[PDB]
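Participant: Everything below, folded, please.
(2 chains)
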Amino acid sequence: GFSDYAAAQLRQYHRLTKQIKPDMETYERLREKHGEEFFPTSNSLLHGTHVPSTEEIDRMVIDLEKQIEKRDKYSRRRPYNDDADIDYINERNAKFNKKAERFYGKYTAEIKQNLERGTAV
RNA sequence: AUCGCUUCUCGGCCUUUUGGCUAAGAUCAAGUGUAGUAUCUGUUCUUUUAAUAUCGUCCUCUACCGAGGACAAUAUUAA
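Facilitator: Residues are numbered from 1 along each chain as shown, chains lettered A, B, ... in the order given. Take a look:
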């Protein structure tokens, strides 16, 4: 179940962070260029220095577009059958009756049987 | 088994949805006839007399101009 906005974030982060692959060439290049400060503390100096080249920002933009697509596929539309006896006259009435069947559907299980058998019992 | 695309079923999001209050706010009813508007169907224009109304000249008043009177036919409709 859902239970939190942070647990779905954590699941989504584990997915993205397992999908990524690091490049050791760029890593060792920047390590050899930066030297002493490549293992920084909270307070070293480099906060206002990095300028990423075009390939890095292109990779970030493509990854973020894929992430936006994965987010937009979150609520899949359930298929609409017209064989069920419809009990709504609007477009919002159908979804409100669906919410009523979600919440009160466990309790109001005898009266629907009474209705379908002819208002008896 | 694994990765990808396409049918098919289903779960979770679906308050993303009923946006107040008072004396359930109160009450609980109709027929006929005319007038107006809209739609549909059918078919038309351009190239004498009766009634009503009112530019020129002359006269008077006041400071060429203005007002008032009179006179000279004109317009409409029908055969």
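Participant: how much space is there between the residue minimising distance to the centre of chain A and residue A:114?
Facilitator: In chain A, the centroid-proximal residue (CA atoms, centre = their mean) is residue A:71; its distance is 4.4 Å. Residue A:71 is 44 Å from residue A:114, where distance means CB to CB, to the nearest Å. Yep, even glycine has a C-beta here, placed from its N, CA and C like the rest.
Participant: do the same with residue A:70
Facilitator: For residue A:70, the distance to residue A:114 (CB to CB) stands at 46 Å.
Participant: likewise residue A:20?
Facilitator: Relative to residue A:114, residue A:20 is positioned 58 Å away (CB to CB).
Participant: Could you check which of the two is surrounded by more residues?
Facilitator: Neighbours were counted for residue A:20 and for residue A:114 using other CB atoms under 10 Å; residue A:114 has more, 11 against 8.
Participant: Where does that one sit, in terms of helix or strand?
Facilitator: Per DSSP states H and E: residue A:114 is located in helix A:111-116.
Participant: And residue A:98, by the same measure?
Facilitator: Under the criterion of DSSP H and E, residue A:98 resides in helix A:92-103.
Participant: Report the buried residues of that helix.
Facilitator: Within helix A:92-103, no residue qualifies as buried by neighbour count (16 or more other CB atoms under 10 Å).
Participant: Is there proximity between it and RNA strand B?
Facilitator: Yes: Helix A:92-103 is in contact with RNA strand B by CB under 7 Å from any atom of the strand, via A:92-93, A:95-96, A:98-99, A:102.
Participant: would you turn the residues you listed into a markdown table with distance to residue A:30?
Facilitator: Output for the residues of helix A:92-103 next to RNA strand B, formatted as a markdown table (distance: CB to CB, whole Å):
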| residue | distance to residue A:30 |
| --- | --- |
| A:92 | 55 |
| A:93 | 60 |
| A:95 | 53 |
| A:96 | 57 |
| A:98 | 54 |
| A:99 | 54 |
| A:102 | 53 |
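Participant: for RNA strand B, what are the nearby residues on chain A?
Facilitator: Counting by CB under 7 Å from any atom of the strand, chain A sits next to RNA strand B at A:1-2, A:74-76, A:78-79, A:91-93, A:95-96, A:98-99, A:102.
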